[PDB]
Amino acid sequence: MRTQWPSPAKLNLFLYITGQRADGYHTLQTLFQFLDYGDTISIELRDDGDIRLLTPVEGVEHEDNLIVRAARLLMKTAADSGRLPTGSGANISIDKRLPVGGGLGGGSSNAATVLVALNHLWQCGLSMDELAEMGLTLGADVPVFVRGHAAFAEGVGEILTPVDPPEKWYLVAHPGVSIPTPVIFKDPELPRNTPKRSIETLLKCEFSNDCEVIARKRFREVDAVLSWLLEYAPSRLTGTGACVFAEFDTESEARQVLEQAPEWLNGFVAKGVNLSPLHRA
């Protein structure tokens, strides 16, 4: 039997960099919300203990793909604690709508959906905390997707406090540039001193993304897309870019602006979701 599993995008509704730890990672205060939009992952169990991603993701080698890494991590962890039924395997295919990169968390959402689906399908019985703990080793973006709720996130992104932001409609645009996430976080001029504040202060302050100034300055493609959207609606970078979103109250306004957008916006429209489509499923 084949099962299908949502792998939604996320948005950083705001993103503040509070410092940088010794291991190079940055401490932050950010607010995750999911989008009801993303990839679909299909899984067929194998009985020969193998893991096969049948549908390649362009530019990513099989063994580098977060789908496969997540599956093998779960297999190793379950097997080291006697929770992996003999022969547990899987064929995995993905219908990929999300960009590879851009600050939408698509690869990390793929990792999270695979952890959750395989834990269920192999009957490994691992808890949320254990999965989120294993997800974190695959990237700081992975735990929010594993836990499945919109959340105020601190630490490096793993300290998650569920919250229910307004579920606005978003136009999400992908500038035609690839920004390696290491670039932004290694910039001298990135704010690393933004004062840590309470959720109440943050939820009342205007939402911004501390990384936007740098993405905009360094990538004219990002500045172009942001400048264009800002004429229509509040608009900000998500993640470290390059994607930018514009916030709307209704689907019709968001789609009307989208119908107007030049093709170089590479835009789609989707609704915010405080419960991940994966956990809804």
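Note that residue numbering begins at 1 and tracks the sequence as displayed.
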Mean temperature factor over C-alpha atoms, higher-scoring stretch between 186 to 194 and 110 to 118: 186 to 194
Averaging only over Cα atoms, indicate whether 152 to 160 or 175 to 183 has the higher B-factor in the PDB entry. 175 to 183
When the entry's CA B-factors for 248, 32, 37, 219 are compared, the highest one belongs to 248
Please rank the C-alpha B-factors of the chain's modelled residues and tell me whether residue 234 sits in the lowest, middle or highest third. middle
Lowest, middle or highest third: where is residue 22 by C-alpha B factor in its chain? highest
Is residue 203 in the lowest, middle or highest third of its chain when residues are ranked by C-alpha B-factor? highest
C-alpha B factor of residue 166, ranked within the chain: lowest, middle or highest third? middle
Pull the Cα B-factor of residue 91 out of the PDB entry and bin it into the chain's lowest, middle or highest third. middle
